[PDB]
């Protein structure tokens, strides 16, 4: 039904200057993962190649690394990184079907070729899950079955390129793919493969001291409670707090009494056990996640951790970070912040450099809402609890939420919101207009033409409709800020390279960039990094970047 050559050796007709290429890595975490199969589709035909054969072939390897030999792929970053671990360089990726699908509509959650193919009623390819199976049942099938699947995926990519590119052009999103997301993919691949070095000696010492403190807090809690119980079970905790100790029930969820941090905080005037419990649950998360969980994913020989930045997941155009997540390392409490002392440069006499956008989404909003008062404050170039309120309000917090938030009266909360929109009447207008626009069009868009569809926005159900309306208010701002830092990464890399600096990116944290570099390059970076980030886009307001460097991530403040 689909002819292909199950090849024993690489031939010339496989090395054309345009091809759909499949380099199959079946493990979800592709760092140092096996490549199980290769497929090439071009004008000359369809081929399957065994990886041990192809990857040890000097012409095939040469062809992968040749930028002028153009490849169309699905999830090229997965392939590029897996190939780096195999010591092979991949260049010339001209079309990425995953990223194409993602821009057309991030809600499809497209995560295999079959799911992208569905968008264009192309069905001559199976889903990966159907071929490999699930969980403990997962496995690479017999070679002829595997070969047909990889070929069918290459065929699908080969025939789907033009239809996807055609639709992107119609949406005015083709430049967003080719000039932004695709180049970013290569940059992210570099960061992931580079990894971040960890001071395991220090992290393990922190872990030993944390275990002692946990024990102390745990016993204190039992004493206060008059009983032992599992503090980490909201159910058992609920019984202690609301049945044994008879504290007021302020909130319930579908499964029982709430013990959220917000609720516990409000119960502080009733019993001191709630403050101990909050402390215990912080310490316990530090241990389970940022000591134990982090140590489990350190590569022992190099002491490096290699995250995967998911570039086609969030509904707003942000990245996410997994296994481990390096975008949520503690910072707000000194006790947790000390985890950052364990993230260190990968070479001696190198340093960590961290730069952060000031008030990014408020500046973006000022530009898009063209609010004179707000654009004014930033032209005059004018706290953690305040920041949360600022963003709360512009993004549609209610009087109830703000009151519960600042533990103030609802009346007072409602007044505050009213005066906030008086200080910034353009913002208010922008938010009423953007909702009406979303209702009329069925989607909202960002500065660089990223899109999010909101089919729920005219629901008759109040809850459903309201959530969609708040997405209409937030997505263009959060998403526009995502566009800006992404452009900034691309320009920064180019500027680092031409100036032949050794500095390279390690992490992006939504509106921060983290690099490491030889100590000699700090003065140069102090100028180069903020300049490029600030000049990424030009808005009606200024972009402002704060920066710091130090011996460890902790000290880069």
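Numbering follows the first chain given and starts at 1.
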- At least a third of the other compared entries: do they leave residue 395 without coordinates? yes
- At least a third of other PDB entries omit residue 383: yes
- Task: Report, from the record, the number of residues in the deposited sequence between residue 382 and residue 383 that have no coordinates, as none, 1 to 3, 4 to 9, or 10 or more.
- Result: 10 or more
- Item | Higher-B stretch (mean Cα B-factor, as the entry records it), 520 to 528 or 501 to 509 | 520 to 528
- With B-factors read from the PDB entry, the higher C-alpha mean of 38 to 46 and 25 to 33 is in 38 to 46
- Maximum C-alpha temperature factor, selected from 81, 241, 403, 277: 403
- Going by the CA temperature factor in the entry, name the top one among 487, 169, 428, 285. 428
- Task: Report the third (lowest, middle or highest) to which the CA temperature factor of residue 133 belongs, ranking only the modelled residues of the same chain.
- Result: highest
- Thinking about Cα B factors across the chain, which third does residue 270 belong to? middle
- Message: What third of the chain does residue 396 rank in for C-alpha temperature factor, lowest, middle or highest?
- Response: middle
- Within this chain, which third does the Cα B-factor at residue 220 fall in: lowest, middle or highest? middle
- Message: Using only modelled residues of the chain, where does the Cα B factor of residue 317 rank: lowest third, middle third or highest third?
- Response: lowest
